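Because the Cβ atoms are built from the backbone with ideal geometry, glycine has one as well, and the counts that use them run over all protein chains shown. Every read-out reported here was derived from the displayed coordinates using simple, explicitly stated rules and does not represent laboratory data.
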Amino acid sequence: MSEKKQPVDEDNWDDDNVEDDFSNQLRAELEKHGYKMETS
Amino acid sequence: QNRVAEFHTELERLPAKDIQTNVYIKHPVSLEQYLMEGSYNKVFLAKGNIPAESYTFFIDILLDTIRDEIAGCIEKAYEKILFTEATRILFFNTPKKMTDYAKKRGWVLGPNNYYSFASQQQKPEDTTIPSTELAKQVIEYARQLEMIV
Amino acid sequence: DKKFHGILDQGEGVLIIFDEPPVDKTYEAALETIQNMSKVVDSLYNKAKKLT
Amino acid sequence: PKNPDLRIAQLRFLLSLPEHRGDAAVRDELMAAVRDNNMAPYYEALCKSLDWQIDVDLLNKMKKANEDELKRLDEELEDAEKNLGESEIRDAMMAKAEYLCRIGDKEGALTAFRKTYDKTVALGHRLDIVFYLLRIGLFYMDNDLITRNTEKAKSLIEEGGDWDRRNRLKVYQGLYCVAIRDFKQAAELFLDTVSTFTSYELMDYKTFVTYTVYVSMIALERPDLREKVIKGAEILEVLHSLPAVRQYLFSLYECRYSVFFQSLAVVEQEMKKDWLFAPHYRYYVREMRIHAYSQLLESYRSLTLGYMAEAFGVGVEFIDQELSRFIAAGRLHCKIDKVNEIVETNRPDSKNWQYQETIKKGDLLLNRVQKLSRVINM
Amino acid sequence: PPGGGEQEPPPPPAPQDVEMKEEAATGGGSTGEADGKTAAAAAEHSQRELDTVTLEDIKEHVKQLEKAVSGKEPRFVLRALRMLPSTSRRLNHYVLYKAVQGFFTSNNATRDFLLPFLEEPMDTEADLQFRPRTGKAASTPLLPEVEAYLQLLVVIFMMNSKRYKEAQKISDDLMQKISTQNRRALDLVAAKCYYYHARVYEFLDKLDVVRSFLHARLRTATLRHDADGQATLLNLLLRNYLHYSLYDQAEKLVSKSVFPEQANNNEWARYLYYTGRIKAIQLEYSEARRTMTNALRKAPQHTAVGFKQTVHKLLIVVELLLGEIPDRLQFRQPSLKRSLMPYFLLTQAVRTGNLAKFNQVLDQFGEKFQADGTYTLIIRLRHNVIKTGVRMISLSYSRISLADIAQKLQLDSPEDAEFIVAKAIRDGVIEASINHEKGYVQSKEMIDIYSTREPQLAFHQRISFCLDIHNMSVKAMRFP
Amino acid sequence: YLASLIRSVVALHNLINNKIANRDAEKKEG
């Protein structure tokens, strides 16, 4: 049923739920997340 | 004159003159972009730059309908300030504009202290008010169960 | 560990004791019928797709 | 052979993507590759590792001699002796097929597999071929091989023979760990842990215990986690050996959160040396942190985050920025606060949770009967 | 000819048989319901209309030589069916000519003699009572007349042959359609002609003459009564004015014809697409994004069609004009690969506080924005670049100081950050309040009377909708 | 949610059961 408005139209397998929440925030999770303790 | 919905639908008939050239049209759409985010002061600092003719008979109205809106925000429950806040927020170390908003608005200078009262209402409630119309709605429930066979 | 009906505060250092309503049995069995109603409509649309 | 074979696929990955991890993996792989006459599948690895070395021609005449020794064996066998099925032609021609998994690439092995599957009637020998496809499909992580032969295992084979399927109960959910099903299916059927002989069908036991205990604390927190992994007995033997894993468990259950993160950072760093690794490392830690936050914000309705400044770790602003990302994430049902500095929570009630479910299930079925009423009646 | 000429006998004869029996069963059954049971909505009218969209456009484009569709024009060149002997003699002509065209080569029109082979169909004692037969079997050769795609001197033959049909269409409207009401067919006949008549007036000068006709055409529709007539002609009239890049939208704001009231699940889905774009350009974002959501979830039943990807295209923009965004590329296509990369990377820069990337990818992907017709995002989404974070903060925090939100929005000034918060609460972005006594910005109160007072104001619609399903079930029940 | 849904779905059964019995008796009349 053409409606005359058509004409144009784990690899990343569940990626966008992870990516919309956290993007690139030092994902090794140790260098700041586990290494706060030099401040105290 | 606050036709902001009529403003953006007016901009459809301009194909590419807004970006390439045409500072006559580029200046009010840069002006409306300054009204977008938070930037009141860039409007009033671009006041001293019109590349066109004087535009003064519109921008006197345009800024007056800005001033009363911020006045409409400060005529709420924000109780008391001094003239220096009316210098910072509104504008203008002393002209007769402090006389202008003493007579148009309230803002009586007390012991070096302004006064703006509480514009908050009482909110009269009963919350059993729809007792008639809820009794109406259940009637056409059974009226549409029976009677139409 | 649900040995208790309570809650704590750190802003006041305060233990508070309350109760709960057991009368969820209406609303529990309410939406479980929707699961039965979901399956029949999936069955009917399958029957209606089989023949016009 | 194929019985310790999955250690190779670890050293393929561990050498490749961390180039800094390239000291001792190459030292015991290339000597292991010139062992066992491994000749076909390492040319890709020889492109990514060190350049070239001419023992290739020396092992090519060795791989041709063992090919020709078995070539003249089974052509004379098929031309003289004429009993077939699971007979001498069968196990000689699978010895070609075992040769092409042990030495060759998959292509000669798979066409020998699909030829020898069409010949046999004993389903145990049929299922052993399907055991061989599932393992070589686990080497090269071919997602189209594994969807076929698992359906061969469930439907087409296992209506008969019994208790060799528990080998596949370790495999169906080992494939769920390499997918994103790190949540419930993998924890459900790793729960039967009584298969200990470190075989090809039971590839390792002590790492299998670490695998079934990492995935377990996401399926269930306290709908009785403690019976299956804490009150469980044979699981408790082998985690009494491993000191860090039991410390990683009891930090979560006995609610010591400061030592819990010291264990959790070791787990994430130890997670890095895995070959089914791509969905783990970003997704595991971020789920376990909000896992521990949900039970900590439970039992309280007024927490000051200065109490979380020392009973939790350190870093007042660090808790502040991580709660702010989680509350904005649509999770971690509370409300963080400034200068009062009191994390206030909110939860639904009986009425509020039962209305939020019926408002969604009602609209889904209402939209469903919008379409159904209009498919009929023109 | 030994390669392809020997594969010339297989394409005619089964399309000479089963494609011929299509309109033979359609023309017979439409006549059967036009005579008795004059409420003829439930027939193969609908499925042939679904076929004339889908099947017979790709069943044949050319007239399919060795006389499959080439024979259709000398077959139907001689149609009287006037009296009972003139029916039975033409029933013999249905026997003889289909035998000749099944055997030998009849009068092959060479793509330009199709219009004189549309004269004697209109001539040769053709009837007015068989007005479905005239209306369908004239419009159905117009699709080989348009989808030949050569577009040279057949374009004026397009223009002539439609006005041939439309003169019969208007005269049927003037000459009193007794108990058939071809409008159920003539609506999409008026669509299918005016899809390509709009193309013709894109290949030539403007189509406001169509709108002057279509205003009078919408006038005679629904003044009689509506049977899909107001629904089809309104989306046709709305599309040109939306296609013109002139002012054109306050014309649609005052268009008070907003009741098609039923659309068979297909007109209503695209009608909500057009009016969702209209309410988006006059900056009412809340009502727009929910009826754009309603248009996307109503008729998606296709296979990677594109206008579904176009309503999905505009829906993410207005949600970036109010902050939230879901997973978009989870239904990726061989053509969505082209159209996912700008918009997914657009909201990538919106969620972060980066504007240099936002201006870079405007410059990088502005020409793709030219093809989508969405220039206006750069002037109106830079508003929400600063307003997304203050929506995110005020949802996270509960009672915040304005001195700390300045560094959190990295504005480096608390004095104007009052005004950004003032503008967002003015626009109703967040419902929160400000304490202008010592610098507090506190959020709303707890979960309110939502458990008690609200839910009957959702329950009243669900009673009324479900019993109307029970009412529409019972009324349309018994045809025998 | 109980009385408006089920009453509608039961009468929806009477549609398909009639629309089947309509045309399958119609196509077997000839």
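Please list, in order along the range A:11-16, the HN-Hα scalar couplings obtained from phi with the Karplus expression 6.51 cos²θ - 1.76 cosθ + 1.60 (θ = phi - 60°), rounded to whole Hz, x for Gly and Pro.
7, 9, 6, 9, 7, 6
Counting other Cβ atoms within 10 Å of each Cβ, which chymotrypsin sites (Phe, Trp or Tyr not before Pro) in the range E:146-182 have at most 13 and sit in a DSSP loop?
On the way: sites: E:149, E:157, E:164; in loops: E:149.
Those satisfying the criteria are E:149.
How do the peptides D:354-363, E:262-271 rank, highest first, by the average count of neighbouring beta carbon atoms within 10 Å per residue?
Highest to lowest by the protection proxy: E:262-271, D:354-363.
Sort the following peptides by mean Cβ neighbour count (other Cβ atoms within 10 Å, averaged over residues), highest first: D:56-64, E:381-389.
Working: D:56-64: 12.4, E:381-389: 19.8.
Most protected by this proxy first, the peptides run E:381-389, D:56-64.
Name the residues whose placed amide hydrogens come within less than 5 Å of the amide hydrogen of residue E:441, ignoring near sequence neighbours (fewer than 5 apart) on the same chain.
Close amide H contacts, sequence-distant or interchain: E:400, E:401, E:402, E:435.
For chain A, just run the numbers: alpha carbon Rg, then divide by 2.2 N^0.38 Å, N being how many residues it has.
Relative to the rule-of-thumb radius for its length, chain A sits at 2.36.
Taking θ as phi - 60°, what are the ³J(HN,Hα) couplings along the range D:343-352 by the Karplus curve (6.51, -1.76, 1.60), each to the nearest whole Hz, with x for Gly and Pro?
Those phi angles translate into 6, 9, 10, 8, 9, x, 10, 4, 5, 6 Hz.
Give me the percent of Cα-Cα pairs in chain C that sit more than 17 Å apart, rounded to a whole number. Write down the numbers at each step before the final one.
Numbers: 874 of 1326 pairs.
Taking all Cα-Cα pairs of chain C, the fraction more than 17 Å apart is 66 percent.
Amide H neighbours of residue D:335 under 5 Å, at least 5 residues apart or on other chains, H built in the peptide plane: list them.
D:344, D:345, D:346
I want to verify the translational diffusion coefficient of the range E:1-154 in µm²/s; compute it with Stokes-Einstein, Rh as the Kirkwood radius over Cα pairs, at 10 °C and 1.306 mPa s.
96
How many nm separate the modelled label positions at residue D:56 and residue E:448, each set 7 Å beyond the Cα in the direction of the Cβ?
7.5
May I ask for the Kirkwood hydrodynamic radius of the protein assembly as shown, worked out over all distinct Cα pairs and given in angstroms to one decimal?
About 37.5 Å for the protein assembly as shown.
Go through the range D:77-92 residue by residue and turn each phi into a ³J(HN,Hα) via Karplus (6.51, -1.76, 1.60, θ = phi - 60°); whole Hz please, and just put x for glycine and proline.
Once rounded to whole Hz, the list reads 6, 6, 9, 10, 9, 10, 9, 10, x, 10, 8, 5, 5, 5, 6, 6.
Determine one quarter of the surface area of the Cα convex hull of the range B:17-132, which equals its mean projected area, and express it in nm² to one decimal.
Mean projected area of the Cα convex hull: 12.6 nm².
Quick one: if you take sqrt(5λ) for each eigenvalue of the C-alpha gyration tensor of the range D:40-180, what semi-axes come out, biggest first, whole angstrom?
Over the Cα atoms of the range D:40-180, the semi-axes work out to 28, 25, 9 Å.
If I take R0 = 56 Å and measure r between the Cβ atoms of residue D:73 and residue D:48 in this structure, what FRET efficiency does the formula 1/(1 + (r/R0)^6) give, to the nearest 0.05?
0.95
Scale the Cα Rg of chain E by the rule-of-thumb value 2.2 N^0.38 Å and send over the ratio, two decimals.
Cα Rg divided by the expected 2.2 N^0.38 Å: 1.28.
Can you pull a Stokes-Einstein diffusion coefficient for chain D at 10 °C (1.306 mPa s), Rh from Kirkwood over Cα pairs, as a whole number of µm²/s? Write down the numbers at each step before the final one.
Working: Rh = 25.3 Å.
Roughly 63 µm²/s, to the nearest whole number.
For the range D:289-378, just the Cα set please: Rg and Dmax, both in angstrom.
Spelled out, the Cα radius of gyration and Dmax of the range D:289-378 are 20.2, 69 Å.
Note down the nm distance, to one decimal, between modelled labels 7 Å out along Cα→Cβ at residue D:255 and at residue E:8.
So the label points at residue D:255 and residue E:8 sit 9.0 nm apart.
Over all alpha-carbon pairs in the range D:98-176, figure out the percentage whose distance exceeds 20 Å.
29
Need one word for the range D:68-120: rounded, prolate or oblate. Basis is the Cα gyration tensor (sqrt eigenvalues a ≥ b ≥ c); a/c below 1.5 gives rounded, then a/b vs b/c decides.
Note, shape of the range D:68-120 comes out oblate.
What are the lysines whose alpha-carbon lies under 25 Å from the alpha-carbon of residue D:106, with same-chain residues fewer than 8 places away excluded?
Result set, ordered by chain and number: D:2, D:48, D:61, D:63, D:64, D:71, D:96, D:115, D:119, D:152, D:154, D:170.
Roughly how compact is the range E:202-351, stated as its Cα Rg over 2.2 N^0.38 Å to two decimals?
1.16
When Cβ neighbours within 10 Å are restricted to other protein chains, what is their mean count per residue of peptide C:5-14?
5
For residue D:304, list long-range residues whose amide hydrogen, built 1.01 Å from N in the peptide plane, is under 5 Å from its own amide hydrogen.
Placed amide hydrogens put C:10, C:11, D:343 under 5 Å from residue D:304.
Per-residue mean of other chain beta-carbon atoms within 10 angstrom of the beta-carbon, peptide E:386-397?
3
Considering all alpha-carbon pairs of the range D:135-223, what whole percent are spaced by more than 15 angstrom?
So the portion of pairs separated by more than 15 Å is 62 percent.
Let me know the mean shielding of D:354-362 by other chains, meaning the per-residue number of their Cβ atoms within 10 Å of its Cβ.
6
At a Cα cut-off below 15 Å, give the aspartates and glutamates reachable from residue E:98, other chains included and same-chain residues fewer than 8 away excluded.
E:17, E:19, E:22, E:23, E:66, E:73
Based on alpha-carbon centroids, what's the gap between the range D:290-311 and chain C in Å, whole number please?
Spelled out, the Cα-based centre of one part sits 26 Å from the other.
Using the per-residue mean of other Cβ atoms lying within 10 Å as a proxy for protection, in what order, highest first, do the peptides E:240-250, E:178-188 fall?
My ranking of the peptides, most packed first, is E:178-188, E:240-250.
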